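The chain below stands alone and is given as structure tokens, in the form deposited without the ligand.
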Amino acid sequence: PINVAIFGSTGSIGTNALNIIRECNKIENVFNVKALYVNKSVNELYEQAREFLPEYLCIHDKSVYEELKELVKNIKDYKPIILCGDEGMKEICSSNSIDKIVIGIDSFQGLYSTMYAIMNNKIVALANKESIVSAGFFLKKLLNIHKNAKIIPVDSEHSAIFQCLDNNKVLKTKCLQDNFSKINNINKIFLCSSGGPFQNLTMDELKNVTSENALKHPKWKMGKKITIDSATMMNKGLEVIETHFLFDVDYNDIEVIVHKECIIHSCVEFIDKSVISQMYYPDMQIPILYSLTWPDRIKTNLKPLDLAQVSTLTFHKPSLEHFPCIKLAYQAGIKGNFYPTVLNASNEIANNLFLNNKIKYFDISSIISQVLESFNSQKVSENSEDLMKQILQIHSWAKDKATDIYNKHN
């Protein structure tokens, strides 16, 4: 039985995780949902508790802690450990009855819960790409100290890559470990992208696009931040750095390819030049499930891929003139040091400004570029705690710097 905790259980990743766990458990009882952690949606947490009856419940917002305890009293024959805040999160991570943790939280609390999951030697299904891009150095250091901890990618493209590999070799290494690509015989990565809602706009059309325009995607419904990142292709920029860190693949060996049908989720070229790819309909249940079953697979009742009906798959190179964010991401990764931290942070601000109609499309890449230009590389701290603090400081500096550039151009 797979004992799992879901962090951010009412968010998109969390709800998809619970959906596929429910459906798979109907086929065969494989999963015990041992813990649920949510921010403030106490009614939904209660509804989830009613169904999954986890040993642990944690709600981040203390102001509804008391409300949750009262709600849970309605549930027959059920006496969970009910917790609150950051320390409830640490307590869940320290439990011996939990093997795997799904991190479906963004920003700080994402990195924070990830850190604690690793320190407790857990298998960590990580869906927060920003944490890998921003804190890749720290995660690598932590995984070197906590040798039985493992990060398993949930981001769809990185799951695809992971699935294309031979588990016989994967089991001799782990994500974020030096030599991962060498041990797995990886030569090159094709990172497939939907291309976003602006993929066929002219330069003139791009100058004027608004977030309202973007918040209508050609394939999926998602959170606002990632939708904007998909529109600028900074999402794929972030995913390039994520690939580099997860799989130890050199930047000149990662190619972004636009695949508008979203059936092939990414491909791996091995040293013999054979290419393996993973395919399915656009659906996050597959990557989430695999992160929890790896290195095995279990049955689902998902709709089988009908290739003949899909009929046609297309691929083209993205225009770096139209999607300059892709270029900035490569430049920042190749530069190394903490440039990815700065890229991530400055993008956070620029994405939000465009979201809220404060700047235009090309101002996004302009602002990020100027912040990157501005940064000066730093000696990387050897101590893991100092390194974490250094990352946070650079992150905060870069957000402030972006904001100041905005305020200059008003």
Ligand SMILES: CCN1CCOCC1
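Only residues modelled in both forms are compared. Note that the rigid core is defined as the largest set of C-alphas that superpose within 1.5 Å between two forms. The numbering used is simple: start at 1 and walk along the sequence shown.
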**Asked** Mean CA B-factor: is it higher for 151 to 159 or for 221 to 229?
**Response** 221 to 229
**Complete:** The stretch whose C-alpha atoms carry the larger average B-factor in the entry, 386 to 394 or 14 to 22, is 386 to 394
**Request:** Could you tell me which one of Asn185, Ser97, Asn144, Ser266 shows the highest CA temperature factor in the PDB record?
**Result:** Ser97
**Prompt:** Highest Cα B-factor in the deposition, which of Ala345, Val38, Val371, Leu353?
**Reply:** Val38
**Asked** Which third of the chain does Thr341 land in by C-alpha B-factor: lowest, middle or highest?
**Response** lowest
**Prompt:** Lowest, middle or highest third: where is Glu205 by C-alpha B factor in its chain?
**Reply:** middle
**Fill in**
Chain-relative C-alpha B factor for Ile286 (record values, thirds): the lowest
**Asked** Is the Cα B-factor recorded for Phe138 in the lowest, middle or highest third of its chain?
**Response** middle
**Asked** Looking at the C-alpha B-factor of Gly237, is it in the lowest, middle or highest third of its chain?
**Response** lowest
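Keep in mind the form deposited with the ligand bound is missing from the figure; the text below concerns it.
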**Asked** in the bound PDB entry, do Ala345, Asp400 and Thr403 all put a heavy atom within 4.5 Å of the ligand?
**Response** no
**Asked** Out of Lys140, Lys174, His322, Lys335, which one falls within 4.5 Å of the ligand in the bound PDB entry, going by heavy atoms?
**Response** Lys335
**Fill in**
Among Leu328, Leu246, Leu238, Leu111, just one has a heavy atom within 4.5 Å of the ligand in the bound PDB entry, namely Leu328
**Message:** With a cut-off of 4.5 Å between heavy atoms, is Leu355 one of the residues that contacts the ligand in the bound PDB entry?
**Reply:** no
**Prompt:** Closest heavy atom of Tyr339 to the ligand in the bound PDB entry, within 4.5 Å or not?
**Reply:** yes
**Asked** Can you check whether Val30 is within 4.5 Å of the ligand in the bound PDB entry, heavy atom basis?
**Response** no
**Prompt:** Can any non-hydrogen atom of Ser384 be found within 4.5 angstroms of the ligand in the bound PDB entry?
**Reply:** no
**Request:** Quick one: find which of 22 to 30, 65 to 73, 368 to 376, 45 to 53 has residues within 4.5 Å of the ligand in the bound PDB entry by heavy atom distance.
**Result:** 368 to 376
**Prompt:** Since the partner is left out here, which residues of 375 to 410 would have a heavy atom within 4.5 Å of the ligand in the bound PDB entry?
**Reply:** none
**Message:** Can you tell me which of these residues, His316, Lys219, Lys207, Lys169, is the one whose C-alpha shifts by at least 2 angstroms between the shown form and the other one after a rigid core fit?
**Reply:** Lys219
**Prompt:** Among residues found in both forms, what runs of at least 3 in a row have Cα shifts of 2 Å or more between the shown form and the other one after core fitting?
**Reply:** 216 to 219
